[PDB]
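So the structure is just underneath, and the comments pick up after that.
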Amino acid sequence: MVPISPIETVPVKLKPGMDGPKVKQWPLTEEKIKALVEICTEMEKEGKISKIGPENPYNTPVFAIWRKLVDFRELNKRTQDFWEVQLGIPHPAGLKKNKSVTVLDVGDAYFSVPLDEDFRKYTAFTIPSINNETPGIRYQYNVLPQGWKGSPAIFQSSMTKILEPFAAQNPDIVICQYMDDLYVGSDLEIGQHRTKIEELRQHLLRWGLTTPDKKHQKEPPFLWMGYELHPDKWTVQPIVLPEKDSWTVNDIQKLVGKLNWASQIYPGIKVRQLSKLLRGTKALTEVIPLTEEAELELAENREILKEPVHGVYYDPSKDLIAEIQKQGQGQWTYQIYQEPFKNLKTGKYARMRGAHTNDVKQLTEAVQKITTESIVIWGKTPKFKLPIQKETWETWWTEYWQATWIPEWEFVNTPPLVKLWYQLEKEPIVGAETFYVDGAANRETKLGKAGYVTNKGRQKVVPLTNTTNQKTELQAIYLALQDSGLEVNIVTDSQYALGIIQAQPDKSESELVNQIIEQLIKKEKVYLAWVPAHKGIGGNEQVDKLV
Amino acid sequence: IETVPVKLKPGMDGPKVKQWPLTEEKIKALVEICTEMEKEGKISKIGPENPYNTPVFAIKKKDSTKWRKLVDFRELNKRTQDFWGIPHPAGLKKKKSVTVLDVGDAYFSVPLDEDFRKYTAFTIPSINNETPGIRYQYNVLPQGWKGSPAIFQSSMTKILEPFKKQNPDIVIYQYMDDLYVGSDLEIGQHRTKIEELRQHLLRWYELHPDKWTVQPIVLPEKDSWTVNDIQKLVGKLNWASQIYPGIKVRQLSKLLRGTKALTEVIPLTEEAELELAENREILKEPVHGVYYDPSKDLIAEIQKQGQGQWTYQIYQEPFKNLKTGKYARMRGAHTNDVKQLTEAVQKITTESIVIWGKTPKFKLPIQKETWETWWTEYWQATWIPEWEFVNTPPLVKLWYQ
Ligand SMILES: *CC(=O)N(C)c1cc(Oc2ccccc2OCCn2ccc(=O)[nH]c2=O)c(C)c2cc(C#N)ccc12
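Residue numbers (the authors' numbering), protein chains in the order written: chain A, -1 to 63, 71 to 552; chain B, 5 to 88, 93 to 212, 232 to 428.
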């Protein structure tokens, strides 16, 4: 016999202060008992388990479909935490094309990785005897059991340590481990490739691990995690949008899931209106009618998804480019590619929940998201193509009160273009009328007043019902904007309104803020000055609006 | 040569912090660095039985092209038991000049306690999540961990004993992996003394705190005041009245009586001039009841003033500033707001280390996603402070300009 190299065991402990499992065995039928006796006898002959005496106080239930199924849920609850088998799902657009990709079944190695000797006693299980007239057959595992918490991590780490020298001494090949399958890609000739496959089978045989010689079951196109992986391209598995006379909640969740999934390769997918119908819904079974916007969006999606689209694999010798387009209502779409018309992948970004916003902040956030995704998938930041002029961005970040930065990018003339819709003056405007604004409201009756007095003697006070102090301050500024010329100075004491306007929104939840924004767009020059309230600053008339 | 027992705080498990994505060049840099460290026994590979994690990334220090490994031990540092202490040298900030030296390599000569090593686990990530990462743990005192200077303190005293016995006029402070050496000599004599100390440490950053002072509140001096000038003056004085008690604005607010054009010149009355002068005299005095409490956090606020100018304040209680400043240095960041902010954070943190011996909690005028996306690209310091984000524009910005 050729000596087999031993696989180093991983030391395993239980969670602190906890003991091993002690679950009572369910009574089984005589047939199931016989089946489990045969299966366990074969496994004992193979070395996966061993018989133990009565001094082992631990026990884990065992079932039959025959096939043996040990329910390790209690031991899993009591087992220590391990390092994750994966910190994320690989994305197909990061894969590098290979002339050959071979699949090897290392499933038989799963039962060949030994379990920590001091931990085997916790895996004990009992086969019930016929008619329960003899003691049940006591077994314990010697290898990583299927279903135990630590089996995938210990198996993957053991396999990695085994493959490390082979991968190191063969840098011209790529070996990936996924579950009980190894994937070996290379650009070598098919003969040299199959040769190095045989060398890998020998190196694995040095640890007694057996690779099936007969032809495998997996072959292009690889179906994996909702993806189709082809020799030269990748895509998502076929996305079919169902025809429904009426849509329930789970149909809209299935639809938004299919559209989100498809949006990574199909460009222009929108999900705003369909996701909006799931607002504040608690029932999975409720039927919700479709808005007209949801119908138009769904039709656009059906037109985008009418024929297949494929992404290309990554080529590290070419540049990485990411282009963004604004879609409207806080929606953005983007394409990542290296050659024109050949996308690596696509995606979308929706604006965050907020009371006020503008297009520049959203484009910034989308750029950061794409930067992070691109560092994940490819380990580098792409060059950006953005629908915003260089001078627009320069004005923005030079005048914005926050620090902000976008990495290397170039302007692409694809409407709608992101622009600044208004810019407030830095100094008071000579010759422009000065509007002193103020508003106030009663906390009990919700009655208020908003208005202005100007240096030319112009005045206005408007009474308001169902209002607040903040609303009357905004309404006062709005009245000043309505009644002034193209250039106007505006004096307020509202720290609230100044906090809003200085954030430079172009869209808001408040219709009043949106009206103020439209007025600001219509103006040529607006200087907004703040003063402390109740300080006797004349012009600032608190009493005129508190009557 | 002998390990000292180290443990965590009661009831606290080790750190389990996600490793953030890294560029390919930083990953390869970490692969070379960690391979060399593994050859030297400083770190060892670990198996799946270690569930803890602390993030790692790679930087490039000043005047150097070699990559450097930087571990974000913040969570482990707050989870590590308190070590004990030495009172902070109040005379370090009073010295004329201070020089910062990186003495981190020395920590690698002292082995780390066995049962604690697993808490120093870190991961070199893989591109596209192809592998669970290359996992390591430290065998010696790691750089950036608060226990390293506490454990090495005796050895550091033994090494610095001859130098401190030779020059009693030089102040020596240690914070993390940095040694701050303050004196009053000439720049040339200070540099030769620094080479003397580095060759003294070899066998076994100019900074001038004397050129730094607290910034008083200043008011304009004008011969003609417009309505707008007076309104801004009253606003600033009203803000300052929260810091100084006897600030008075009613005589200056009298001039604003009436609905006048913003650009209209208003002459100051005699009562207004007297009130403004009294306010000036009040502002020339220090703030009443300002003290430092070592049990409270330090808070640092930063405002972007534009044109590469940044203001900052360090306080513990509102309106009780312990330090104020204005960083306007221009060093290869004229077109990058985030790089400027990161450099300002590093300088303010250094000043806070010199003054109080601990790092402040920052309030950054930046969105979370931008900062967290980009700050590691411009970080050059061994330590890392804490920060939160300001999403609403503060009105007091122009009152610090
Ligand atoms: C191993 C792994 O983590 N994944 C996600 C995985 C990768 C696959 O592709 C692969 C493996 C090794 C080397 C190179 C590549 O892919 C390069 C691009 N490419 C893909 C397919 C092809 O035919 N030719 C190529 O050049 C594959 C194929 C997988 C398949 C399955 C399944 N079933 C699961 C995971 C992976």
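Every residue gets a Cβ at the ideal spot worked out from N, C-alpha and C, and that includes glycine.
Below-9 Å beta-carbon distance, B:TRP414 vs any chain A residue: no
Whether A:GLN330 touches A:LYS275 by CB criterion (9 Å): no
Cβ neighbour criterion (16 or more within 10 Å) applied to A:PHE346: exposed
Sequence-distant residues of its chain with Cβ nearer than 8 Å to A:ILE522 (five each side left out): Cβ contact annotation for A:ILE522 (same chain, cutoff 8 Å, sequence separation greater than five): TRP426, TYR427, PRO510, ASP511, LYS512 and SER513, in chain order.
Within 9 Å, strictly: CB atoms of B:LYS388 and B:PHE416: Between B:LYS388 and B:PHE416, the C-beta gap is not smaller than 9 Å, which leaves the two residues out of contact.
Spatially closest choice to A:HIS235 from A:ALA267, A:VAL314, A:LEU264 and A:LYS201, by CA coordinates: A:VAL314
Segment contact flag, the stretch 352 to 362 of chain A with the stretch 286 to 297 of chain A, C-beta cutoff 8 Å, min 3 pairs: no
Within chain A, the residues that B:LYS13 reaches when beta carbons sit closer than 7 Å: In chain order: nothing, as chain A lies at least about 15 Å away.
Residue range of the unbroken alpha helix (DSSP H) whose run includes B:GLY155: 155 to 159
Rounded straight-line distance, which links the Cα of B:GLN394 to that of A:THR419: Using only the alpha carbons, I get a separation of about 27 Å.
Burial state of A:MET164, where buried means 16 or more other Cβ atoms lie within 10 Å: By the neighbour-count criterion, in which a residue is buried when 16 or more other Cβ atoms sit within 10 angstroms of its Cβ, A:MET164 is buried.
Where the stretch 153 to 177 of chain A meets chain B: residues whose CB sits under 8 Å from a CB there: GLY155, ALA158, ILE159, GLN161, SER162 and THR165
Residues sharing a beta bridge with A:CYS38, DSSP: Under DSSP, A:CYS38 takes part in no beta bridge, so it has no partner.
Distance cut-off 8 Å: A:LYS223 Cβ against heavy atoms of ligand 1: yes
N- and C-terminal bounds of the alpha helix (DSSP H) containing B:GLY112: 112 to 115
Partner residues on chain B for A:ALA534, Cβ-Cβ distance less than 7 Å: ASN255, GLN258 and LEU289
Backbone CA spacing between B:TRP414 and B:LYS82 [nearest angstrom]: If you take the alpha carbons of B:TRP414 and B:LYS82, they lie about 15 Å apart.
Contacting residues, own chain, Cβ-Cβ under 8 Å from B:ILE135 (five flanking each side not counted): Within the same chain, B:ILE135 has close Cβ partners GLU28 and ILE31.
Near-chain B residues of the stretch 116 to 137 of chain A - C-beta to any C-beta below 7 Å: Flagged: no residues at all.
Heavy atom of ligand 1 within 8 Å of A:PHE227 beta-carbon: yes
heavy atom of ligand 1 below 8 Å from A:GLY231 C-beta: no
Member of A:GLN278, A:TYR232, A:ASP250 and A:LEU484 whose CA lies at the smallest distance from the CA of A:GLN269: A:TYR232
Residue-level contact to chain B via CB, A:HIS235, 9 Å cutoff: no
A:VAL106: CB within 8 Å of a non-hydrogen atom of ligand 1: yes
Any non-hydrogen atom of ligand 1 within 8 Å of B:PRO9 CB: no
Beta-carbon gap between A:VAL189 and A:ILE195 smaller than 9 Å: no
Reduced DSSP secondary structure (H/G/I, E/B, other) of A:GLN373: Helix at A:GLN373.
Residue-level contact to chain A via CB, B:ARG206, 9 Å cutoff: no
For A:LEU425, three-class secondary structure by DSSP: coil
Minimum C-alpha distance to B:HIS361 - residue among B:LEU246, B:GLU344, B:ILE326 and B:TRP337: B:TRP337
Contact check, B:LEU368 vs B:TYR342, beta carbons under 9 Å: One thing to note: B:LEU368 has its Cβ no nearer than 9 Å to the Cβ of B:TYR342.
Validate contact between the stretch 494 to 509 of chain A and the stretch 518 to 538 of chain A using beta carbons, cut 8 Å, 3 pairs: yes
9 Å Cβ cutoff, B:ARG284 in contact with chain A: yes
A:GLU194 CB to nearest heavy atom of ligand 1 below 8 Å: no
beta-carbon A:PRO236 near ligand 1 non-hydrogen atom, thresh 8 Å: Correct: A:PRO236 has its Cβ closer than 8 Å to ligand 1.
A:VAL189 beta carbon near ligand 1 (any heavy atom closer than 8 Å): yes
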